[PDB]
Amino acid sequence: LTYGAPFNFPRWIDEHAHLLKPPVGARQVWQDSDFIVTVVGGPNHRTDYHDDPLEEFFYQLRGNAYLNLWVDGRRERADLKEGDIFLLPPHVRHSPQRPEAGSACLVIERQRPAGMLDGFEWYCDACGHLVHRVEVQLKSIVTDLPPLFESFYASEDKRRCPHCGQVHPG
């Protein structure tokens, strides 16, 4: 049993509540597994969209959240009300908004193999064009993402929309 014995999930979540809020936001349950199993808390809003080459499973255990999506070339929104489950197909662009403190969402993903890249994207509030995209070989979510977001926020040119000139707020 390389990942240990069964354990009570509500108590695990209770015990890690202080990581389930800014600034950490989320905590991985088991390390170095093929299934990446995370609990995500809140509050947290964000402007980036995720392009995951594989499926994502959501089970909104506590509180309510929602996903900003690009569904059919249009800005759409999928609500994760408390008790909801959801399977997200590969490559659907999604931007999770988690407004509530104390919320908890079970999120299950797959380790990406070598050369299968994730994308992180920003779109213009005024004209809906892609403003900036970066692709990454994601090895640890908490380690390799913050500097990416930061370099976007720090660069006016990276936030400048190539279509209408509006500088994304970051």
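The first residue of the shown sequence is 1; numbering continues from there.
Practice prompt. Would you mind comparing 57 to 65 and 141 to 149 for me and telling me which has the higher average C-alpha temperature factor in the entry?
Written response: Per the PDB entry, the higher value belongs to 141 to 149.
Worksheet entry | 66 to 74 set against 129 to 137, stretch whose average Cα temperature factor tops the other in the entry | If you average the C-alpha B-factors of 129 to 137 and of 66 to 74, the larger mean comes out for 66 to 74.
Worksheet entry | Ranked against its chain, the third holding the CA B-factor of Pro113 | According to the entry, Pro113 has a C-alpha B-factor in the chain's highest third.
Discussion item. Going by the CA temperature factor in the PDB record, which third of the chain does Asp34 belong to: lowest, middle or highest?
Written reply: It falls in the middle third of the chain.
Fill in: Position of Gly4 among the chain's modelled residues by C-alpha B-factor, lowest, middle or highest third
Tercile = lowest for this residue's CA B-factor.
Practice prompt. Comparing against every modelled residue in the chain, figure out the third that the C-alpha B-factor of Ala104 lands in (lowest, middle or highest).
Written response: Ranked within chain, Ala104 CA B lands in the lowest tercile.
Worksheet entry | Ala26 - Cα temperature factor, lowest/middle/highest third of chain | Highest third - that is where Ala26 ends up once the chain's C-alpha B-factors are sorted.
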